[PDB]
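Have a look at data25.cif below; it lists mmCIF, C-alpha atoms.
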data_upload
#
loop_
_atom_site.group_PDB
_atom_site.id
_atom_site.type_symbol
_atom_site.label_atom_id
_atom_site.label_comp_id
_atom_site.auth_asym_id
_atom_site.auth_seq_id
_atom_site.Cartn_x
_atom_site.Cartn_y
_atom_site.Cartn_z
ATOM 1 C CA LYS A 175 109.848 89.732 81.503
ATOM 2 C CA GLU A 176 111.903 88.043 78.813
ATOM 3 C CA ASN A 177 109.624 86.223 76.305
ATOM 4 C CA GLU A 178 106.317 87.586 77.702
ATOM 5 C CA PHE A 179 104.305 90.571 76.461
ATOM 6 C CA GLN A 180 101.132 92.425 77.462
ATOM 7 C CA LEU A 181 98.902 95.000 75.756
ATOM 8 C CA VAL A 182 97.836 98.108 77.690
ATOM 9 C CA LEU A 183 95.138 100.608 76.685
ATOM 10 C CA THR A 184 95.177 103.962 78.479
ATOM 11 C CA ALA A 185 92.428 106.556 78.197
ATOM 12 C CA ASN A 186 92.680 110.221 79.129
ATOM 13 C CA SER A 187 92.514 111.691 82.611
ATOM 14 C CA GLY A 188 89.038 111.883 84.113
ATOM 15 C CA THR A 189 86.078 109.757 85.107
ATOM 16 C CA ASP A 190 84.081 110.680 82.007
ATOM 17 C CA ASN A 191 86.720 108.923 79.882
ATOM 18 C CA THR A 192 86.003 105.314 80.841
ATOM 19 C CA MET A 193 86.313 102.950 77.892
ATOM 20 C CA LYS A 194 83.725 100.400 76.799
ATOM 21 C CA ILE A 195 85.349 98.108 74.238
ATOM 22 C CA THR A 196 83.630 95.736 71.807
ATOM 23 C CA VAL A 197 85.212 93.958 68.831
ATOM 24 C CA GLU A 198 82.907 93.450 65.846
ATOM 25 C CA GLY A 199 83.479 91.076 62.939
ATOM 26 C CA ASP A 200 85.808 88.710 64.828
ATOM 27 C CA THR A 201 85.189 86.370 67.754
ATOM 28 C CA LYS A 202 88.731 85.698 68.993
ATOM 29 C CA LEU A 203 89.666 89.378 69.157
ATOM 30 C CA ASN A 204 86.409 90.060 70.999
ATOM 31 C CA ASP A 205 87.315 87.223 73.362
ATOM 32 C CA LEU A 206 90.621 88.992 74.006
ATOM 33 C CA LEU A 207 89.457 92.656 73.892
ATOM 34 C CA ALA A 208 86.134 93.030 75.736
ATOM 35 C CA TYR A 209 85.365 95.358 78.633
ATOM 36 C CA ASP A 210 82.110 96.845 79.938
ATOM 37 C CA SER A 211 83.073 99.663 82.285
ATOM 38 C CA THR A 212 79.449 100.398 83.190
ATOM 39 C CA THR A 213 79.127 96.933 84.759
ATOM 40 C CA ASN A 214 82.882 96.724 85.566
ATOM 41 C CA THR A 215 83.308 93.280 83.972
ATOM 42 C CA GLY A 216 85.175 92.088 80.897
ATOM 43 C CA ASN A 217 88.019 90.026 79.513
ATOM 44 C CA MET A 218 90.580 92.750 80.204
ATOM 45 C CA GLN A 219 91.536 93.804 83.724
ATOM 46 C CA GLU A 220 91.733 97.332 85.118
ATOM 47 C CA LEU A 221 95.134 98.338 86.480
ATOM 48 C CA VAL A 222 94.501 102.038 87.175
ATOM 49 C CA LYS A 223 91.097 103.488 88.052
ATOM 50 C CA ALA A 224 89.829 106.842 86.816
ATOM 51 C CA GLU A 225 89.532 109.788 89.194
ATOM 52 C CA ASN A 226 88.690 113.493 89.146
ATOM 53 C CA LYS B 71 106.785 110.939 67.353
ATOM 54 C CA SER B 72 108.914 112.899 69.813
ATOM 55 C CA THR B 73 108.219 113.328 73.527
ATOM 56 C CA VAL B 74 110.006 114.438 76.690
ATOM 57 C CA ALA B 75 109.813 112.819 80.114
ATOM 58 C CA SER B 76 110.215 114.144 83.641
ATOM 59 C CA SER B 77 110.419 112.546 87.081
ATOM 60 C CA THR B 78 109.416 113.879 90.485
ATOM 61 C CA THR B 79 112.151 112.058 92.424
ATOM 62 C CA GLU B 80 115.855 112.574 91.774
ATOM 63 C CA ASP B 81 116.656 108.939 92.608
ATOM 64 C CA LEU B 82 114.839 107.669 89.516
ATOM 65 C CA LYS B 83 116.129 108.842 86.130
ATOM 66 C CA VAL B 84 114.040 108.728 82.953
ATOM 67 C CA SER B 85 114.960 109.061 79.274
ATOM 68 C CA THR B 86 112.712 108.708 76.238
ATOM 69 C CA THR B 87 113.496 106.776 73.083
ATOM 70 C CA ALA B 88 111.436 107.713 70.036
ATOM 71 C CA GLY B 89 107.984 106.166 69.841
ATOM 72 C CA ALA B 90 106.824 106.635 73.434
ATOM 73 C CA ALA B 91 103.179 107.414 74.192
ATOM 74 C CA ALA B 92 102.411 110.423 76.375
ATOM 75 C CA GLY B 93 101.020 109.717 79.812
ATOM 76 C CA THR B 94 101.655 109.436 83.530
ATOM 77 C CA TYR B 95 103.238 106.389 85.177
ATOM 78 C CA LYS B 96 103.363 105.404 88.851
ATOM 79 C CA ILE B 97 106.589 103.556 89.643
ATOM 80 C CA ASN B 98 107.525 101.530 92.734
ATOM 81 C CA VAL B 99 111.081 100.166 92.799
ATOM 82 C CA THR B 100 110.833 97.205 95.163
ATOM 83 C CA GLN B 101 114.374 95.877 94.689
ATOM 84 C CA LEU B 102 117.715 96.690 93.091
ATOM 85 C CA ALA B 103 120.044 94.442 91.130
ATOM 86 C CA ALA B 104 123.473 93.492 92.442
ATOM 87 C CA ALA B 105 126.464 91.635 91.022
ATOM 88 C CA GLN B 106 128.030 88.626 92.716
ATOM 89 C CA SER B 107 131.470 89.143 94.243
ATOM 90 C CA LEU B 108 133.914 86.425 95.273
ATOM 91 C CA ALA B 109 136.941 86.992 97.501
ATOM 92 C CA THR B 110 139.768 84.616 98.348
ATOM 93 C CA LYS B 111 139.465 83.155 101.831
ATOM 94 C CA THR B 112 143.046 84.000 102.805
ATOM 95 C CA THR B 113 145.251 87.102 102.609
ATOM 96 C CA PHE B 114 148.644 87.362 100.908
ATOM 97 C CA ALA B 115 151.795 89.210 101.923
ATOM 98 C CA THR B 116 152.192 91.000 98.584
ATOM 99 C CA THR B 117 151.061 90.883 94.970
ATOM 100 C CA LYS B 118 154.514 89.932 93.663
ATOM 101 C CA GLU B 119 154.342 86.679 95.637
ATOM 102 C CA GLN B 120 153.585 83.753 93.324
ATOM 103 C CA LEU B 121 150.320 81.990 94.135
ATOM 104 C CA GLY B 122 150.233 78.769 92.129
ATOM 105 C CA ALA C 227 115.777 94.335 89.689
ATOM 106 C CA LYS C 228 112.079 94.250 90.540
ATOM 107 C CA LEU C 229 109.694 97.147 90.052
ATOM 108 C CA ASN C 230 106.031 97.870 89.400
ATOM 109 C CA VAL C 231 104.778 100.204 86.663
ATOM 110 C CA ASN C 232 101.070 101.138 86.730
ATOM 111 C CA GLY C 233 100.209 97.897 88.479
ATOM 112 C CA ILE C 234 102.336 95.633 86.250
ATOM 113 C CA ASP C 235 105.210 93.695 87.813
ATOM 114 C CA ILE C 236 108.549 94.004 85.994
ATOM 115 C CA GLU C 237 111.656 91.907 86.668
ATOM 116 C CA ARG C 238 114.979 92.647 84.980
ATOM 117 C CA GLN C 239 118.620 91.620 85.270
ATOM 118 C CA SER C 240 120.020 95.154 85.540
ATOM 119 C CA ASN C 241 119.262 98.615 86.876
ATOM 120 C CA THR C 242 118.503 100.005 83.403
ATOM 121 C CA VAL C 243 114.911 99.065 82.555
ATOM 122 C CA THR C 244 114.025 99.683 78.917
ATOM 123 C CA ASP C 245 110.817 97.961 77.784
ATOM 124 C CA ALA C 246 108.178 98.868 80.389
ATOM 125 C CA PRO C 247 106.515 100.519 78.551
ATOM 126 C CA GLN C 248 108.312 100.072 75.236
ATOM 127 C CA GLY C 249 110.093 103.328 74.492
ATOM 128 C CA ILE C 250 111.092 104.588 77.961
ATOM 129 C CA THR C 251 114.480 103.966 79.588
ATOM 130 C CA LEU C 252 114.539 104.038 83.393
ATOM 131 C CA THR C 253 117.729 104.193 85.438
ATOM 132 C CA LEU C 254 117.136 102.956 88.986
ATOM 133 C CA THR C 255 119.422 104.320 91.700
ATOM 134 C CA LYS C 256 117.630 103.487 94.969
ATOM 135 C CA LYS C 257 114.295 102.097 96.139
ATOM 136 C CA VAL C 258 111.381 104.473 95.555
ATOM 137 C CA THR C 259 107.698 104.574 96.510
ATOM 138 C CA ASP C 260 104.986 106.019 94.254
ATOM 139 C CA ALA C 261 107.238 108.006 91.949
ATOM 140 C CA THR C 262 105.541 109.782 89.060
ATOM 141 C CA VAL C 263 106.964 109.878 85.534
ATOM 142 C CA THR C 264 105.226 112.260 83.144
ATOM 143 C CA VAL C 265 105.751 112.008 79.380
ATOM 144 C CA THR C 266 104.474 114.900 77.265
ATOM 145 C CA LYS C 267 104.677 115.434 73.524
ATOM 146 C CA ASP C 268 107.097 118.013 72.110
ATOM 147 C CA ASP C 269 107.034 119.267 68.518
ATOM 148 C CA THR C 270 110.230 121.354 68.542
ATOM 149 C CA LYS C 271 112.230 118.877 66.452
ATOM 150 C CA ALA C 272 109.703 118.831 63.603
ATOM 151 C CA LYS C 273 109.358 122.617 63.510
ATOM 152 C CA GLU C 274 113.136 123.133 63.458
ATOM 153 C CA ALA C 275 113.451 120.596 60.638
ATOM 154 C CA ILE C 276 110.673 122.303 58.674
ATOM 155 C CA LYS C 277 112.184 125.761 59.224
ATOM 156 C CA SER C 278 115.625 124.615 58.077
#
In structure tokens, write the structure found in this file.
Amino acid sequence: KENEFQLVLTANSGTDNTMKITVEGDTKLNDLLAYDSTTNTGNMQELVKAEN
Amino acid sequence: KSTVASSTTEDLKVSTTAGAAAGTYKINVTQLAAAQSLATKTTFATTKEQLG
Amino acid sequence: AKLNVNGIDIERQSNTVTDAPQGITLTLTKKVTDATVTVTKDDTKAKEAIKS
């Protein structure tokens, strides 16, 4: 809504294309962009789940 | 950076400004916006009649 | 107007939603459930410009 913004990362279609994100060199960006899809935990949240 | 968009339903209409990222979006329109309307409590004999 | 795009809640003042995501203009006519909007890249404009 007005005066609020969000960042969305979308992979390709499929369950082989599940992102695992790690930021290297910076600690704040890693605090904001960090997801481990293998363990399904991270700083980002998953809106849409991957399917075949 | 030019793309074209299409919609399954005819109720929703979609157009693409330059810079869009290709993908698929799932859209649920919960509500619709409406504009306030105010009507005089009484009724008048004719327009030419002076009100004030 | 209240809608939901890919699991993100959007609230606007009018029935022309523009910045969800940035670069796609949606015209809402009536309430919808699980509509699909597909955006695919087209290169016709660049090839016409190059040919001319």
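The environment of residue 81 of chain B within 9 Å, counting only C-alpha atoms and disregarding residues fewer than 4 places along the same chain, consists of residues 253, 254, 255, 256, 257 and 258 of chain C.
Of note, atom CA of residue 204 of chain A and atom CA of residue 192 of chain A are spaced 18.2 Å apart.
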I need the output of the PyMOL selection byres ((chain C) within 7 of (chain A)) for this file as a short mmCIF file (atom, residue, chain, number, x, y, z; two decimals) with C-alpha atoms, in the frame of the given file; which residues are they?
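Written file, out_21.cif:
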data_model
loop_
_atom_site.label_atom_id
_atom_site.label_comp_id
_atom_site.auth_asym_id
_atom_site.auth_seq_id
_atom_site.Cartn_x
_atom_site.Cartn_y
_atom_site.Cartn_z
CA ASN C 232 101.07 101.14 86.73
CA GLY C 233 100.21 97.90 88.48
CA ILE C 236 108.55 94.00 85.99
CA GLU C 237 111.66 91.91 86.67
CA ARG C 238 114.98 92.65 84.98
#
Between atom CA of residue 223 of chain A and atom CA of residue 200 of chain A, distance in Å (one decimal):
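These atoms are spaced 28.0 Å apart.
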Residues of chain B that have any atom at most 10 Å from an atom of chain A: could you tabulate them with the shortest-distance atom pair and the distance in Å to one decimal, using all atoms listed in the file, ordered by chain and increasing number, as a Markdown table?
| residue | atom | partner | partner_atom | distance |
| --- | --- | --- | --- | --- |
| B:91 | CA | A:184 | CA | 9.7 |
| B:92 | CA | A:184 | CA | 9.9 |
| B:93 | CA | A:184 | CA | 8.3 |
| B:94 | CA | A:187 | CA | 9.5 |
| B:95 | CA | A:222 | CA | 10.0 |
| B:96 | CA | A:222 | CA | 9.6 |
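Atom to atom, atom CA of residue 85 of chain B and atom CA of residue 177 of chain A stand 23.6 Å apart.
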Check which residues satisfy the PyMOL selection byres ((chain C) within 7 of (chain B)) in the file shown, then give them as a ChimeraX atom specification.
/C:227-232,239-241,248-269
Once 8 Å is added on each side, what are the centre and the three edge lengths, in Å to one decimal, of the axis-aligned box enclosing the listed atoms of segment 89-100 of chain B? Present them as JSON.
{"center_x": 106.1, "center_y": 103.8, "center_z": 82.5, "size_x": 26.1, "size_y": 29.2, "size_z": 41.3}
Do you know which residues the PyMOL selection byres ((chain A and resi 194) around 8) returns on this file, as a PyMOL selection string?
chain A and resi 192-193+195-196+208-212
Given the choices A:178, A:189, A:217, A:226, which gets closest to residue 203 of chain A if the distance is worked out from all atoms listed in the file?
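Result for the nearest residue to residue 203 of chain A: A:217.
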Output segment 253-275 of chain C with N, CA and C atoms present, as a PDB file, in the coordinates of the input.
ATOM      1  N   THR C 253     116.543 104.505  84.658  1.00  0.00           N
ATOM      2  CA  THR C 253     117.729 104.193  85.438  1.00  0.00           C
ATOM      3  C   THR C 253     117.349 104.243  86.908  1.00  0.00           C
ATOM      4  N   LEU C 254     117.500 103.111  87.587  1.00  0.00           N
ATOM      5  CA  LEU C 254     117.136 102.956  88.986  1.00  0.00           C
ATOM      6  C   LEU C 254     118.383 103.180  89.829  1.00  0.00           C
ATOM      7  N   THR C 255     118.299 104.083  90.801  1.00  0.00           N
ATOM      8  CA  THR C 255     119.422 104.320  91.700  1.00  0.00           C
ATOM      9  C   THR C 255     119.175 103.804  93.110  1.00  0.00           C
ATOM     10  N   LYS C 256     117.974 103.998  93.650  1.00  0.00           N
ATOM     11  CA  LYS C 256     117.630 103.487  94.969  1.00  0.00           C
ATOM     12  C   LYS C 256     116.130 103.231  95.012  1.00  0.00           C
ATOM     13  N   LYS C 257     115.702 102.451  96.005  1.00  0.00           N
ATOM     14  CA  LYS C 257     114.295 102.097  96.139  1.00  0.00           C
ATOM     15  C   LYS C 257     113.430 103.341  96.294  1.00  0.00           C
ATOM     16  N   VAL C 258     112.281 103.334  95.627  1.00  0.00           N
ATOM     17  CA  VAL C 258     111.381 104.473  95.555  1.00  0.00           C
ATOM     18  C   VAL C 258     109.973 103.970  95.840  1.00  0.00           C
ATOM     19  N   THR C 259     109.111 104.867  96.316  1.00  0.00           N
ATOM     20  CA  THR C 259     107.698 104.574  96.510  1.00  0.00           C
ATOM     21  C   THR C 259     106.858 105.626  95.803  1.00  0.00           C
ATOM     22  N   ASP C 260     105.968 105.167  94.925  1.00  0.00           N
ATOM     23  CA  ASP C 260     104.986 106.019  94.254  1.00  0.00           C
ATOM     24  C   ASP C 260     105.633 107.210  93.551  1.00  0.00           C
ATOM     25  N   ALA C 261     106.700 106.957  92.801  1.00  0.00           N
ATOM     26  CA  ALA C 261     107.238 108.006  91.949  1.00  0.00           C
ATOM     27  C   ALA C 261     106.327 108.217  90.753  1.00  0.00           C
ATOM     28  N   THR C 262     106.356 109.427  90.211  1.00  0.00           N
ATOM     29  CA  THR C 262     105.541 109.782  89.060  1.00  0.00           C
ATOM     30  C   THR C 262     106.451 110.174  87.908  1.00  0.00           C
ATOM     31  N   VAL C 263     106.256 109.537  86.761  1.00  0.00           N
ATOM     32  CA  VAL C 263     106.964 109.878  85.534  1.00  0.00           C
ATOM     33  C   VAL C 263     105.943 110.401  84.540  1.00  0.00           C
ATOM     34  N   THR C 264     106.151 111.621  84.065  1.00  0.00           N
ATOM     35  CA  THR C 264     105.226 112.260  83.144  1.00  0.00           C
ATOM     36  C   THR C 264     105.896 112.422  81.789  1.00  0.00           C
ATOM     37  N   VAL C 265     105.253 111.910  80.745  1.00  0.00           N
ATOM     38  CA  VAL C 265     105.751 112.008  79.380  1.00  0.00           C
ATOM     39  C   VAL C 265     104.781 112.871  78.590  1.00  0.00           C
ATOM     40  N   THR C 266     105.292 113.955  78.011  1.00  0.00           N
ATOM     41  CA  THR C 266     104.474 114.900  77.265  1.00  0.00           C
ATOM     42  C   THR C 266     105.082 115.139  75.892  1.00  0.00           C
ATOM     43  N   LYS C 267     104.219 115.339  74.902  1.00  0.00           N
ATOM     44  CA  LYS C 267     104.677 115.434  73.524  1.00  0.00           C
ATOM     45  C   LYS C 267     105.293 116.799  73.246  1.00  0.00           C
ATOM     46  N   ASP C 268     106.427 116.795  72.549  1.00  0.00           N
ATOM     47  CA  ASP C 268     107.097 118.013  72.110  1.00  0.00           C
ATOM     48  C   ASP C 268     107.243 117.992  70.598  1.00  0.00           C
ATOM     49  N   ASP C 269     106.970 119.131  69.966  1.00  0.00           N
ATOM     50  CA  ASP C 269     107.034 119.267  68.518  1.00  0.00           C
ATOM     51  C   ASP C 269     108.174 120.164  68.052  1.00  0.00           C
ATOM     52  N   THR C 270     109.145 120.453  68.920  1.00  0.00           N
ATOM     53  CA  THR C 270     110.230 121.354  68.542  1.00  0.00           C
ATOM     54  C   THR C 270     111.068 120.775  67.410  1.00  0.00           C
ATOM     55  N   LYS C 271     111.356 119.473  67.457  1.00  0.00           N
ATOM     56  CA  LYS C 271     112.230 118.877  66.452  1.00  0.00           C
ATOM     57  C   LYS C 271     111.640 119.014  65.054  1.00  0.00           C
ATOM     58  N   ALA C 272     110.343 118.737  64.910  1.00  0.00           N
ATOM     59  CA  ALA C 272     109.703 118.831  63.603  1.00  0.00           C
ATOM     60  C   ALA C 272     109.691 120.263  63.088  1.00  0.00           C
ATOM     61  N   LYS C 273     109.430 121.233  63.967  1.00  0.00           N
ATOM     62  CA  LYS C 273     109.358 122.617  63.510  1.00  0.00           C
ATOM     63  C   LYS C 273     110.738 123.151  63.134  1.00  0.00           C
ATOM     64  N   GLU C 274     111.782 122.770  63.877  1.00  0.00           N
ATOM     65  CA  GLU C 274     113.136 123.133  63.458  1.00  0.00           C
ATOM     66  C   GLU C 274     113.496 122.506  62.119  1.00  0.00           C
ATOM     67  N   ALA C 275     113.153 121.230  61.918  1.00  0.00           N
ATOM     68  CA  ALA C 275     113.451 120.596  60.638  1.00  0.00           C
ATOM     69  C   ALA C 275     112.721 121.289  59.499  1.00  0.00           C
TER      70      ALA C 275
END
